[PDB]
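The structure under discussion appears below in the form of structure tokens.
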Amino acid sequence: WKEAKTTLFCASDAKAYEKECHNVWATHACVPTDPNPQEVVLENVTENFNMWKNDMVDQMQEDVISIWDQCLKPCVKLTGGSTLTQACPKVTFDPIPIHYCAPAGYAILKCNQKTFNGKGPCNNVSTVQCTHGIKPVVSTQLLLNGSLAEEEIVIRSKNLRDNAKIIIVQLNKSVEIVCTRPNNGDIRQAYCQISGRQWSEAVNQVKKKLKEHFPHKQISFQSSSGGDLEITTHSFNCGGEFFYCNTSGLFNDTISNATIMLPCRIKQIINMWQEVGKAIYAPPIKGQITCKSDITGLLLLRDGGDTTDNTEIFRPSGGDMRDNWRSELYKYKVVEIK
Amino acid sequence: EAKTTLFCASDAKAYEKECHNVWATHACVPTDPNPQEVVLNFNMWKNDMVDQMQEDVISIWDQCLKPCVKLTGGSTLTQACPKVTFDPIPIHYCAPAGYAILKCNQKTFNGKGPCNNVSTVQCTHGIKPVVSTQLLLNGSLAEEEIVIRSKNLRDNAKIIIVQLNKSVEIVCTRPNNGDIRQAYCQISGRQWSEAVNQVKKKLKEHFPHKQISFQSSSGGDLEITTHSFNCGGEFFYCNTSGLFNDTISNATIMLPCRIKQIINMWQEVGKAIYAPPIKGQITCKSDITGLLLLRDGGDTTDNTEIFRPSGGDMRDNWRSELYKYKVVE
Amino acid sequence: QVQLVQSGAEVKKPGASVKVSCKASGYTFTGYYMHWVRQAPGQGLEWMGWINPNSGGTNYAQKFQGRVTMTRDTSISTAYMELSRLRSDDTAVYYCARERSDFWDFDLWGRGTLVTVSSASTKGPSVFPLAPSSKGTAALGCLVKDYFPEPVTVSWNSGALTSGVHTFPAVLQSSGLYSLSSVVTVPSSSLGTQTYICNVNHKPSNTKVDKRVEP
Amino acid sequence: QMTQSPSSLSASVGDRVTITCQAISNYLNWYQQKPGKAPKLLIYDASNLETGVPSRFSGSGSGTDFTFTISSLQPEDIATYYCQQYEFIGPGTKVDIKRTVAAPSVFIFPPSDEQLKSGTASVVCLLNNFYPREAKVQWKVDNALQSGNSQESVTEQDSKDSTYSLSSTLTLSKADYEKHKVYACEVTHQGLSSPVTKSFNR
Ligand SMILES: *[C@@H]1O[C@H](CO)[C@@H](O[C@@H]2O[C@H](CO)[C@@H](O[C@@H]3O[C@H](CO[C@H]4O[C@H](CO[C@H]5O[C@H](CO)[C@@H](O)[C@H](O)[C@@H]5O)[C@@H](O)[C@H](O)[C@@H]4O)[C@@H](O)[C@H](O[C@H]4O[C@H](CO)[C@@H](O)[C@H](O)[C@@H]4O[C@H]4O[C@H](CO)[C@@H](O)[C@H](O)[C@@H]4O[C@H]4O[C@H](CO)[C@@H](O)[C@H](O)[C@@H]4O)[C@@H]3O)[C@H](O)[C@H]2NC(C)=O)[C@H](O)[C@H]1NC(C)=O
Ligand SMILES: *[C@@H]1O[C@H](CO)[C@@H](O[C@@H]2O[C@H](CO)[C@@H](O)[C@H](O)[C@H]2NC(C)=O)[C@H](O)[C@H]1NC(C)=O
Ligand SMILES: *[C@@H]1O[C@H](CO)[C@@H](O)[C@H](O)[C@H]1NC(C)=O
Ligand SMILES: *[C@@H]1O[C@H](CO)[C@@H](O)[C@H](O)[C@H]1NC(C)=O
Ligand SMILES: *[C@@H]1O[C@H](CO)[C@@H](O)[C@H](O)[C@H]1NC(C)=O
Ligand SMILES: *[C@@H]1O[C@H](CO)[C@@H](O)[C@H](O)[C@H]1NC(C)=O
Ligand SMILES: *[C@@H]1O[C@H](CO)[C@@H](O)[C@H](O)[C@H]1NC(C)=O
Ligand SMILES: *[C@@H]1O[C@H](CO)[C@@H](O)[C@H](O)[C@H]1NC(C)=O
Ligand SMILES: *[C@@H]1O[C@H](CO)[C@@H](O)[C@H](O)[C@H]1NC(C)=O
């Protein structure tokens, strides 16, 4: 129909009785889900989508800031101007699926093209009230608990020729990953388990898809070049605790066809994504902390400058969580029906 | 005493772009230059005037504060959402002909009982329709001493409206550009600590042999668990953990706030979504003139009676201003 | 005279096939076993297998079993080698060679064919003159820029001019495209007197150039 | 499985050069492979000299130990030498010549008007017929050093006069190119007592 920008509303299945933080935020923020939604296919039609200029992405970012403002309150928040102390309550933390919905007079177009690269024309289109359920999972390097590509791996970037612009990868087959900090030893020490055969195969498939976009070059995977730890490690939050995981064993040109162990630390001193600054959080809760997650996508950064061995080097990256939302919101735009 | 339709008058200016003026001119007649007070049993909890004003304030907001989306179980509604200049202006609600408005001049009327010093006036004083929870803003103060008002103090389910002797200033600000939703309130810890004891003291008069404790909200809608209000068209929600605290700081007190686009409406059951906040510095310097408290029920542990902020029913807000007024035929 | 002539250099996308042909002249084709040997860039020689032209019968190295196919057409004295499911490490020069005796002495080799396994895509060279103004021996040349894949051959004056020619190895640019120079030192006296043309041939794109190099 | 030693060796013209191959016997054949060409069979059945091959090359064997000898190394003998037994081939031995230091001739080439009209500018410096192989070219523009701007390439050792040649190539956009006037390359070699510099005006 007609592209337009407005204020969408969120719907979720949060429960008023549930003490978990995503629920608590959503019960106020969001209305309930429609049990039977109406999707109207357009047969042959063409619309242009731009995942990189999508007002829906910017809305989820402001939303996830609002969630974390309530869930994850740090003991000390450091800003260049100031240092601040506040209450540090531990909380129950498990991301729950969020739907973003169009109000009256507006609709959300959904691209059904099975392998849309995300900026350009869409062949198959439908109109919906709401997006699918998107879990606001904050993470770097590996994209977790998201949606998979229907047909084949897709590579998405604002400018592939520009090395500085992040690469969002969508996988064909998800790979399981389990990170656990066992019950009490070093209470900050943790580990992650990955099937090397499954991850090694996943890598080749993305490497092969990458080679199509750089036909000249050979494709190398390597450990992060450097920067803030949030980015140089696979960083995420599990049960309110911030995990930082060594993915040197993941981004390697020679990967083990065996079970892979990644070392992790629970960190109290972190760099915020929400704003530039540093936060200090409370020491971990007691007991077993575990996350069994689905790796469904990647965030990569390609090395700049002249290639030494006619090799293009790609290293895990991240940091701007909007890209995380783009990995899910690429196929939607808001249009005002007339 | 009779039930009728009062009419409102205000100091509205026809040239003013501020919405309370704009609503007031079409809705409201001019202030009477020459008011008459003629010296000569009331209930603030059973007063038709409150139900009238509530409709007015709904009416004000419908014209001033149109949310971009109104979310109702049946439906979504979308409408023009223009930002506006917002500063409540005092409204005088007046009796139609053949009717008069009685005024309690009583030194300390609890608001349910008999008033001795009565007068007749055509109009009530100018009341600002400040919509808020937990803290009462920009209203009227008690003349003699802090006043406790309830339908029943023995029934913990009935709200407690406290009217203050001496106002406490509150300044809430979103600084000029960071998280544009982030805001803060500044209150003098010394001023507030004294105020609490002076209200804690008055309370011990109704609950003898018990200690008086202040604690944070028990739970409910966010509107009620925080101190919520509108400042310059933007909706503030402020964490009063530092205010309702048995051990308040002598030092300066800073409350964390958020500017919120999604609110639960007090006008009706539903949710409204408003536009993102304006650019620039947003600040409200207000005078805290009263409290909305709820007393904990049950057998007392440590012989302490616990009180917590409450609200949500905006009629309770007007009852804090209309208590001394009755309509007569 | 006694010779093996192979097909020209190739580029093929990964996963594709390549066929190399080898045509033998000046001996009885049926008499000797023909072998194929490949050589990756900068590396040593790797035997791929042999074929018997009487039988058409083959023997392939285990490394390439199921990927290589050796056939022959004794009618035109031609042996064919086909490698399937190419992978980038299959980029190499492929040679056909005759086994002279059961010493496995390969007395006769083809000039060898380069096979670049690469997803995309052929580009003809731009050929720019390297004019000479400096001075009793002057240098001139040809810049053969931005072509793909290897190889290009450069000669001067259609082969008449050979003394003092240096064709450099190609360097692989940051663009993935190759580039090389061919120079020649000549008598300075020659520069007005004699025409200089460099002949650049890039068969993978069927690009052929004659470029006069002027003062 | 095949061994070969040494990997490479330098030798003066006329020297005695000996190569060793380590493998039961038989049979063992020796090949010479020059740059860009196919192998050429020299020695077959360990000791037998192929027809038409100079008498200076020879081979010897005992058991599973073999050796290949050039009695008097000539300039055209720059090549790699491979032993082989059936399918298996040794990693090969690279033989290059040692010679008296030779200075390079130096020439510099401005970008062509052809190339300019397309928007890029390649400047080329030539080092011609020098020895040893070690050499150092650095680019100056208007007295300004450059880095990462250029690529260089070296010929194989010359079969007649045993020298090398070297090309260094300066590439930059037509925009940058016209932002300057004087373009120079500075060659440093053991043959040159003071480092030579060649240059021109845009
Ligand atoms: C990607 O997505 C994946 C899936 O989509 C994510 O993986 C999911 O992760 C969530 C957790 O984030 C999992 O759900 C959780 O399961 C927890 C464990 O569930 C089992 O264990 C229960 C208890 O075990 C004992 O008791 C049973 C008897 O019933 C006995 O058999 C057993 O042997 C053992 O002794 C068991 O009863 C269950 O049925 C399961 O077997 C479960 O405990 C979690 O419940 C949490 O959270 C929920 C809301 O999510 C609450 O309703 C619960 O009360 C409980 O919360 C407690 O923990 C909080 C944090 O510590 C507290 O602060 C809470 O207030 C609460 O604490 C209370 O309860 C404690 C007693 O348990 C008391 O000690 C306290 O004082 C309080 O009373 C939850 O259901 C999914 O299982 C999992 N899915 C998969 C497929 O694995 C993954 O996380 C995602 N990754 C990312 C990055 O997003
Ligand atoms: C309480 O009343 C005063 C006005 O009586 C309000 O102060 C106004 O504040 C706005 C911005 O907040 C300013 O732009 C106006 O200039 C002020 N007007 C006056 C008359 O001072 C104050 O904001 C009110 N507080 C609340 C919570 O509504
Ligand atoms: C802020 O408010 C939330 C709920 O409104 C409450 O849980 C929290 O404890 C408050 N802040 C502090 C410091 O307690
Ligand atoms: C998944 O996509 C890849 C392309 O990256 C493709 O090679 C692979 O066969 C696909 N497999 C399935 C089951 O979709
Ligand atoms: C682990 O990560 C660190 C920092 O993120 C990195 O320097 C290191 O190389 C990784 N592990 C190993 C074994 O190198
Ligand atoms: C990482 O690389 C090294 C070699 O570089 C290898 O030995 C190691 O097993 C690799 N690990 C994984 C998990 O890929
Ligand atoms: C198995 O592991 C080796 C490295 O140990 C690797 O080279 C090979 O490709 C792997 N193959 C599979 C099918 O995983
Ligand atoms: C105000 O009232 C309080 C008690 O309600 C009393 O303690 C205080 O002295 C009064 N102050 C003034 C100035 O009237
Ligand atoms: C409120 O009380 C908490 C502890 O109960 C204390 O840490 C905090 O400083 C108090 N805040 C104020 C403003 O008194």
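Residue numbers (PDB author numbering), protein chains in the order written: chain G, 45 to 124, 198 to 301, 324 to 396, 412 to 492; chain I, 47 to 86, 92 to 124, 198 to 301, 324 to 396, 412 to 490; chain H, 1 to 52, 52A, 53 to 72, 72A to 72C, 73 to 100, 100A to 100B, 101 to 129, 134 to 213; chain L, 3 to 25, 29 to 207. Think of the CB as a built atom: it goes at the ideal place given N, C-alpha and C, for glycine as much as any other residue.
Neighbouring residues, chain G, relative to residue i (Cβ below 8 Å)
i: H:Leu170; result: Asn464
i: I:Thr202; result: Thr50, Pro220, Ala221, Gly222, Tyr223
i: I:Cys418; result: Result: empty, since nearest Cβ-Cβ is about 11 Å, beyond 8 Å.
Buried or exposed by the 16-neighbour rule on C-beta atoms within 10 Å, applied to residue i
i: H:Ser112; result: buried
i: G:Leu265; result: exposed
i: I:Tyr61; result: exposed
i: G:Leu483; result: buried
i: L:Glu139; result: exposed
i: H:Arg210; result: exposed
i: H:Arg81; result: exposed
i: G:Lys485; result: buried
i: H:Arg38; result: buried
i: H:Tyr33; result: buried
i: H:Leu45; result: buried
Under the three-state DSSP convention, the category residue i falls into
i: G:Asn234; result: coil
i: residue 505 of chain I; result: As shown, chain I starts at 47 and ends at 490. That puts residue 505 of chain I outside it, with no answer to give.
i: L:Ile83; result: coil
i: L:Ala180; result: helix
i: residue 493 of chain G; result: Since the displayed chain G opens at 45 and closes at 492, residue 493 of chain G lies outside it and no answer follows.
i: G:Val295; result: strand
i: I:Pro253; result: coil
i: H:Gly65; result: coil
i: H:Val150; result: coil
Contact check, residue i vs residue j, beta carbons under 8 Å
i: I:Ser481; j: I:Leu260; result: yes
i: L:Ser178; j: L:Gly124; result: yes
i: G:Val489; j: G:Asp99; result: no
i: G:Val208; j: G:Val255; result: no
i: G:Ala341; j: G:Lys121; result: no
i: H:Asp86; j: H:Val109; result: yes
Residues that residue i contacts on chain G, provided the C-beta gap is smaller than 7 Å
i: H:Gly118; result: Going along chain G, no residue has its Cβ under 7 Å from H:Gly118, so there is no contact; the nearest lies around 16 Å.
i: H:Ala114; result: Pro354
i: I:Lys446; result: Correct list: empty, because the minimum Cβ distance to chain G is about 23 Å.
Amino acids of chain I, ordered along the chain, whose beta-carbon sits closer than 7 Å to that of residue i
i: G:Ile109; result: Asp325
Listed by chain order, chain H residues near residue i by CB distance under 7 Å
i: G:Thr461; result: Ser172
i: G:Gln357; result: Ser84
Residue i: contacting residues in chain L (beta-carbon distance under 7 Å)
i: H:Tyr91; result: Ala43
i: H:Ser128; result: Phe112
i: H:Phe166; result: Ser158, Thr160, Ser172
Where residue i meets chain H, residues with beta-carbon distance less than 9 Å
i: G:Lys432; result: Result: empty, since nearest Cβ-Cβ is about 39 Å, beyond 9 Å.
Contacts that residue i makes with chain L (C-beta to C-beta distance below 8 Å)
i: H:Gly104; result: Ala43
Proximal residues of chain H, C-beta to C-beta of residue i below 8 Å
i: L:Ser117; result: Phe122, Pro123, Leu124, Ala125, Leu141
What residues from the stretch 28 to 39 of chain H come within 7 Å of chain L, judged by C-beta to C-beta, listed N to C? none
Name, going along the chain, the residues of the stretch 119 to 133 of chain L whose beta-carbon falls closer than 9 Å to a beta-carbon of chain H. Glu119, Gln120, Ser123, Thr125, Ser127, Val129, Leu131, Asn133
Output needed in chain order: residues of the stretch 374 to 387 of chain I with a Cβ under 8 Å from some Cβ in chain G. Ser387
Selection of the stretch 71 to 103 of chain G by Cβ proximity to chain I, strictly under 8 Å: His72, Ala73, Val75
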